[PDB]
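We begin with a single chain expressed as structure tokens, specifically the form deposited in one PDB entry.
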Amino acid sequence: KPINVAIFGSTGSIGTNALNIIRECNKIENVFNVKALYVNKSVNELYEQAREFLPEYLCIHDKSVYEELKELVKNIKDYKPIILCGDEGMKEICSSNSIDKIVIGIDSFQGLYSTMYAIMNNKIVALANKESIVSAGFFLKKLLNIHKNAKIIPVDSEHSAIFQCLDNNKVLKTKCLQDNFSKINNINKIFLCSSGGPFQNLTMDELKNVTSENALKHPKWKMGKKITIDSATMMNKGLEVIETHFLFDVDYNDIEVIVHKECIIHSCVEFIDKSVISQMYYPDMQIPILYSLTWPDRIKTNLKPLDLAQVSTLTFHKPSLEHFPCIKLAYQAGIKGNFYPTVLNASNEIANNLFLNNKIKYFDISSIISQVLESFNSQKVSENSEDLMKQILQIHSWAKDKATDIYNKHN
């Protein structure tokens, strides 16, 4: 019987990849009902999607375009959706008994907030937003212990890969973000594969002078600017190291970053017997998104089969921490624990955007982050969920301000 899905951020990359794979899978067999779509402010794309999927719910965050949506929707004949606005509309979707699975494809406050509401309503939450896990991992873990039937299923490609390598008979005795997930699943170590970004062959001298244009003009996957800069510094991978720690409870000393430039093996799991299982496919966000929606089952697709003999050659090498010091900073913050990951994420948000806007240089990114981390002091971690969310927000804002102050002091 059907899989009832809501997509939060339906016009973004995750959202459209999700609708695409749902559409194709549904051509083969009708398994998916799209029950809700939520967008920030892209009222026109949202209308086109509603015309096609006819969800029970439409919600737009920006009440300024609220009226226009209602107007556009009247054209669709035989169609009376519940049309909502803002955070209240998001809460209403997450509390719907009609909805089983929620795809979070938005960033920032909206992304953490909608994750939280989806967890509080005991839903299966398909989560691509690695910054929410890195910054607010303690809050999510706490929430997932309150709301026992809620589950986060990883969509970030490497984390999906890890999850796909597992025996569901063991996964189902635990869940992601739980202490002891790795022990229950007999996980010893993770190989976290990376594209390596555009700068793997550059020298230190070259890196000293690279620009955001260099990072953006020739990326490894056509993506948003921020994640593109993170891929270039390998701070994306550093964030994904912490994401691996929180999702799977794997110790930092058991997470190894490996540069796999062909981007066919998506990541690998070493079990306690030293057997290694890996997941592989062409680079394509459809498989991670689909698995998040079908887990613990798989359904038929019409995706192109992997031609291993055509790919011919897979390569692996260790990243240089001297060339990609952001990786080292992520491990440092992770190992220190506490709210240092919150600080790392927030400070990187600022330093990333400074580099993007040509205000600092490549090695200034890691210098700023490093100086912010050094200025933080560990905080008593609140046992109360409300207080803990407030701590995370306060530390997040402090850390962004601190990064900005460090930039302005030097500049």
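Heads up, when I say rigid core I mean the largest set of C-alphas that superpose within 1.5 Å between the two forms. Don't overthink the numbering: it's just position in the shown sequence, from 1.
When the other compared entries with both flanking residues are checked, residue 219 is unmodelled in at least a third. Relative to its counterpart among 18 to 26 and 394 to 402, 18 to 26 has the higher mean temperature factor, C-alpha atoms as listed in the PDB entry. Taking the mean C-alpha B-factor of each stretch as recorded, 88 to 96 and 137 to 145 are not equal, and the higher mean is that of 88 to 96. Taking the PDB entry at face value, the top CA B factor among 256, 107, 240, 273 belongs to 107. For the set 296, 219, 196, 341, the PDB entry assigns the largest Cα B-factor to 219. Among the modelled residues of its chain, residue 307 has a C-alpha B-factor that falls in the middle third, as given in the PDB entry.
Ranked against the other modelled residues of its chain, the C-alpha B-factor of residue 154 as given in the entry falls in the lowest third.
Per the deposited record, the Cα B-factor of residue 71 falls in the highest third when ranked against the other modelled residues of its chain. Compared with the other modelled residues of the chain, the Cα B-factor recorded for residue 384 ranks in the highest third.
Residue 337: CA B factor lies in the middle third for its chain, per the PDB record.
There is also a form deposited in another entry; it is not shown, and the following applies to it.
Just one of 178, 279, 110, 194 moves its Cα by 2 Å or more between the shown form and the other one on a rigid core overlay, and this residue is 110. Core-superposed comparison between the shown form and the other one: the C-alpha position of residue 373 differs by less than 2 Å. For residue 74, a C-alpha deviation of 2 angstroms or more is recorded between the shown form and the other one after rigid-core alignment.
In the core-superposed comparison between the shown form and the other one, residue 220 has its Cα shifted by at least 2 Å.
Shown here is a form in which the CA atoms of residue 220 and residue 238 lie at least 3 Å closer together than they do in the other form. Whereas the displayed form keeps them at a certain spacing, the CA atoms of residue 344 and residue 219 lie at least 3 angstroms farther apart in the other form.
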